[PDB]
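Trainee: The structure that follows is given in the form of structure tokens.
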Amino acid sequence: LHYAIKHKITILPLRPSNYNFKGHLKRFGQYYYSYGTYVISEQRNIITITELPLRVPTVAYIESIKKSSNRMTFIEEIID
DNA sequence: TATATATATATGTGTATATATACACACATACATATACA
């Protein structure tokens, strides 16, 4: 690590903090992405969202999904 | 001109809340302006 400080290279990893976060993180190319968790059931046409991505407010997400009429043509009722 | 309304203001010490602007940038939503056509 002293050699790496002298010559500006990396040895030890440095990952993002997933503490208190129940989705999952993936490194694609030059950036990380954060993923939330759904749960599907075709017997009732229900998807159950159980996790949002990092630092996403809940009511802002729900009001953002209601303004896209491209998505409103496929869903009927949304309950928190 | 008279007897009679019903709404209206201001004082101190209290109880509750509202709203405009700057600054950067990744991201989302709305056309619309053409360009092959058709």
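The chains in the structure tokens are called A, B, ... from first to last as shown; in each chain the residues are counted from 1, and the ligands are counted from 1 in the order shown.
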Taking a cut-off of 12 Å and counting only C-alpha atoms (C1' of nucleotides), can you build a table that, for each residue of chain B near chain A, reports the nearest atom pair and how far apart they are in Å (one decimal), sorted by chain then residue number, as a tab-separated table?

Mentor:
residue	atom	partner	partner_atom	distance
B:27	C1'	A:64	CA	11.9
B:28	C1'	A:64	CA	8.9
B:29	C1'	A:68	CA	8.0
B:30	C1'	A:68	CA	11.6

Trainee: Range 40-45 of chain A: which residues within 12 Å, counting only C-alpha atoms (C1' of nucleotides), same-chain residues fewer than 5 positions away excluded, as a PyMOL selection string?

Mentor: chain A and resi 50+74-77

Trainee: For the selection just defined, write its residues with C-alpha atoms to a file, as an mmCIF file, in the first residue's frame.

Mentor:
data_model
loop_
_atom_site.group_PDB
_atom_site.id
_atom_site.type_symbol
_atom_site.label_atom_id
_atom_site.label_comp_id
_atom_site.auth_asym_id
_atom_site.auth_seq_id
_atom_site.Cartn_x
_atom_site.Cartn_y
_atom_site.Cartn_z
ATOM 1 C CA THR A 50 -40.631 -4.243 -1.663
ATOM 2 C CA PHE A 74 -51.487 -0.676 -18.073
ATOM 3 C CA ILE A 75 -52.296 -0.205 -14.360
ATOM 4 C CA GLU A 76 -55.632 0.372 -12.615
ATOM 5 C CA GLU A 77 -55.067 0.943 -8.891
#

Trainee: Could you name the residues that touch residue 27 in chain A at 12 Å or less, counting only C-alpha atoms (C1' of nucleotides), but leaving out those on the same chain fewer than 5 positions away, as a PyMOL selection string?

Mentor: chain A and resi 15-16+32-35

Trainee: Would you compute the distance between CA of residue 73 in chain A and CA of residue 48 in chain A? Give it in Å to one decimal.

Mentor: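 Here the two named atoms are 18.4 Å from each other.
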
Trainee: Applying 7 Å and only C-alpha atoms (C1' of nucleotides), which residues near residue 39 in chain A remain after dropping the ones on its own chain fewer than 2 positions away? List them as a ChimeraX atom specification.

Mentor: /A:37,47-49

Trainee: Just the number, please: distance in Å from CA of residue 13 in chain A to CA of residue 54 in chain A, one decimal.

Mentor: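 Atom-to-atom, CA of residue 13 in chain A and CA of residue 54 in chain A are spaced 20.8 Å apart.
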
Trainee: CA of residue 25 in chain A to CA of residue 52 in chain A: how many Å, to one decimal?

Mentor: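 These two atoms are separated by 12.2 Å.
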
Trainee: Write down as a list in words the residues belonging to chain A that are assigned alpha helix (DSSP H) by DSSP computed on the backbone.

Mentor: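 So the alpha helix (DSSP H) residues in chain A would be residues 2, 3, 4, 5, 6, 7, 58, 59, 60, 61, 62, 63, 64, 65, 69, 70, 71 and 72 of chain A.
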
Trainee: From the options A:79, A:46, A:12, A:51, which residue's atoms come nearest to residue 24 in chain A, counting only C-alpha atoms?

Mentor: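 For residue 24 in chain A, the nearest of the candidates is A:51.
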